[PDB]
Each structure stands twice: as structure tokens, then as C-alpha cells.
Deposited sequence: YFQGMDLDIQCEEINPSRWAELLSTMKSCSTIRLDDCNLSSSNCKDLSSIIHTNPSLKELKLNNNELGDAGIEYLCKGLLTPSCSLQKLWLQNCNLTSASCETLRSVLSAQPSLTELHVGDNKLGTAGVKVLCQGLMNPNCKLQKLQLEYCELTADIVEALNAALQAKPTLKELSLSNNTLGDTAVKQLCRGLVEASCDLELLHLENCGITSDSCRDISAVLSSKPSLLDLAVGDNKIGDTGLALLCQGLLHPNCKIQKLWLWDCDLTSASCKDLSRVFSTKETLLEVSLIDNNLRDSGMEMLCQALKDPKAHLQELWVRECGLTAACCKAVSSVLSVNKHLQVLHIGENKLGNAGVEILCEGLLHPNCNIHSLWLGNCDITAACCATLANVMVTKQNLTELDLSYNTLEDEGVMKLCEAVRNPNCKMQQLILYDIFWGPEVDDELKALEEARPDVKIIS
């Protein structure tokens, strides 16, 4: 399929005649992406012309370029002159001064549905000005990213007022802003009062504790449209997790993606999480990375994942204090659960014995794991014959990450022999930062030519 030309450049030096050449194209383009191309403010006067005359330009992505405030005022000269849908200006050295320009813009284009301005020191005052544009009836914005924008608690009344005026909003990210509990509670009330069918709410590293988890719960229970909640890197603990599960377990809640990484959860949280896993058929993806769940916690989740209502497809439990002790429990799940497709369980001392046990479950006919991540799991060469047999036998396993394991030349050679076998349907074998001699470096190169449908990443 084709939908207009897609100009996409990243991490390059842009040269003026090439820039000249590329201009004629940009007049044709459906999307324009110039990511980290060391663009400066002077290039934006050109782009502003394109925005106005190109009836087909729908996406403009200029992240990681130092456009600065001056750049955005130039760039938007054309946007104040009418059909851009997506505008990304993440990490572009914008300050609060850009927000007046962006206020004008948001008030100008009903066509604009997505604005990404994360990683800019806009600050509370700046985003307050931005909200004034969001409040305009003309503004039909659907997605707003304000992560790492140096926002403080004082932003929330302005945002709430803007949300009330944004029934078209579907996605909101405020991650990595020091809001705190009082503010997040106020924000939750604002979202519940707003008519928007919010689909995604990201509040990672926002200063949230158990003190605002009842309020987040009320969002989950009042917004059936909410599919994606991220509150990782907030120290909510078992207490806050239990409060969140009141909303997760609410019959209105239709959560699909739940991100709870680095939330200071212990094994005790896995009681409540098990009840979610075995009750909420809509739940598809969960990250619990960097929580000290331990073997006992993992084992509770595994018992939950055997209930037929468990439709989880993706579980990340990297760095969760897991050992071989939990692997029989995990293997059991792979045996009977048909829905689980992705497991990340790296940075756990599973050892050779733990991983050999997982391979038992993997081989079961109704195991639908297609991607298994086992980086830094203390496995060595002794496990690789077992892994090899999995690779040639399990047709539906297409991705395996064994990075940061001391597999030794002997272990990797065993994996290679599996890759050569034609019954092997592996698509990406990932082997970062594994120390091998040059004879393996040469064998991988030779094997790239023998089986190009199997990518070996290092």
C-alpha cells in the first residue's frame, strides 16, 4: 500500500543542495521526518512554506533538533497559514516562550490531532499558555505528550480546564514531571469530569504514592475507554497497588496494557495482581520489571495465568528477584496457557537449571510463546544444547534473546548449528555483549549468508 510519499531521515548531516533537493520532495510528502539531523532554527522557514501549500502533508516529525524558540516561531509562520495532523517537537530546546506560538497554532488548526513536545523545559507557566489553546473550540487534539517538561503541581487546574474542553482527547502523557499526590488526585477528578473517551494515560515517575491510587482507581472505574495505564517508577508499593486493583477489578475497567515497573512491589502485591490476571479478560500486556516479586510472587501470578479467563499475551518480569525455584511454576503456564505470546524474564538468576525447565514448558503443543527474553540469566554453555533443540523443534518461536550471558564460544556454536537446521523458524536471535573469539565472529558472518531469514543480532 501507498499513502503519499514518506520522507524519513535520521542522525544525518544535512547539506544545503541536498536540502534544496529535498524541498521539492517535501512539497509532495504525506509525512516528513527529520530526526536528530542537527537542524537549526534557520531550516524552519523552509518547512513553514511546505506546511501551507502541501495539501497532503499529514505528519511532521522534527525531534532531537535544536530548533529552539526562534525555530518554532519561524516553523509555525506557515502553520498560521492554511493540513498537518501530527507534529512532533520532542527535545527541540523549546522553553515557555514557544508555548505562545504553540497556543496560536492549536487555536488555528482543527486538523491537528497529535502534539509531542516532551523533553523541553516548557515549565508550568508555558504549559498553562498551551492549555489556553487546547481550550479553543477549534482545537480537535487527540494525543498530547508533555513528558519531561518540568511541570509542577500547579499545572493541574489549567490542564483540568483544558481537558473539560477536549472531548477529542484519546492519549495523555505527563510522565517524568514532579506532580505529586495532591496534583495527581486533582488531575484524576479532572479526567473523570471530562467527557473525553481517554484511551491512554501515562503518569510514570510523577511523584505518585499510595495516597493517590484511590483516585487513579476511580479513573479506571469511570473510563471504560481507558486501555493503557502506565504508572511505573512511582513508589506506590503494595499498598498503592492494592488500591489500584480496586479499579482494575471494577466491572467497567477494560484495561489492556498495565505498566507497573519499578513500583516498589513485593511478593505481597502478587495476591492482588493474581486476582487481576485471573479476572480481567481484556488484560493483554503487563510490565512488572524491577520489582522484588521473588519466586513466591511469581508463583502466584503463574497460578493465576492457568485460569481460562487469563488472556495475557505479554508479561515482562525482568529483574524481579526470580530464580530456578519459580521455573517449574512458569513452565506449567507455558504448558496450559494458550494466550501468552511474549515473556521477558531476563536479569533473573535462573541459571542453567531454571532455563532448561522453561524449555520443558515451551515444547508443549499449545504453547504459543513466539518471543522469549533471557538476557543476563546466568546461563552458560551447558544450557545451549537444550536451547538448540527448542530452536529446531518449536516452529512458532521466532525470537530469543540470550544477551549478556557467558555462553562461551562453545555455547554460541551450538546455537549456530540449530540455526543452520532448516526446520528452525527462528527470525531474530539476540546475542549482545557476549564475549567470543574471532572464529565465531567469522561463523556468524558466514551464517548470515546461509540463512538470511534468521537474524543474529550482536
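Stretch of the deposited sequence left without coordinates: only 83 to 84.
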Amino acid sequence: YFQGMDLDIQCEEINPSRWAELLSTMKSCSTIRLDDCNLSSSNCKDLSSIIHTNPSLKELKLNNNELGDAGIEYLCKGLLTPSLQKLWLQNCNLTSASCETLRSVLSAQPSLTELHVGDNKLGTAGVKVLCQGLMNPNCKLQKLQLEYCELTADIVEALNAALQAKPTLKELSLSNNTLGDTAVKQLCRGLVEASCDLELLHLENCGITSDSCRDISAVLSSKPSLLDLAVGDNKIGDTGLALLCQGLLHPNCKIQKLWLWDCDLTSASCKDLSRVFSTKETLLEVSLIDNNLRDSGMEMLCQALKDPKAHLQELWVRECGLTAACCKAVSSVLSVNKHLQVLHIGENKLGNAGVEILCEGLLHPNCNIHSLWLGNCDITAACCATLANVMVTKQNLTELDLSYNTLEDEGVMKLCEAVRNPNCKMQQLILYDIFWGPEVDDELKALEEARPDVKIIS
From here on, numbers count along this sequence of modelled residues.
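Judged by mean Cα B factor in the deposited record, 375 to 383 ranks above the other of 375 to 383 and 260 to 268. Comparing 183 to 191 with 353 to 361, the stretch with the higher mean C-alpha B-factor in the PDB entry is 353 to 361. By the numbers in the PDB entry, the CA B factor is greatest at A97 among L226, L87, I289, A97.
Highest C-alpha temperature factor among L80, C213, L198, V231 per the entry: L80. For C367, the recorded CA B-factor ranks within the highest third of the chain. Only modelled residues enter the ranking. When all modelled residues of the chain are sorted by CA temperature factor, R318 is found within the middle third. In the deposited entry, the Cα temperature factor of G297 sits in the middle third of values across the chain's modelled residues. Per the deposited record, the Cα B-factor of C92 falls in the middle third when ranked against the other modelled residues of its chain. Ranked against the other modelled residues of its chain, the C-alpha B-factor of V330 as given in the entry falls in the middle third.
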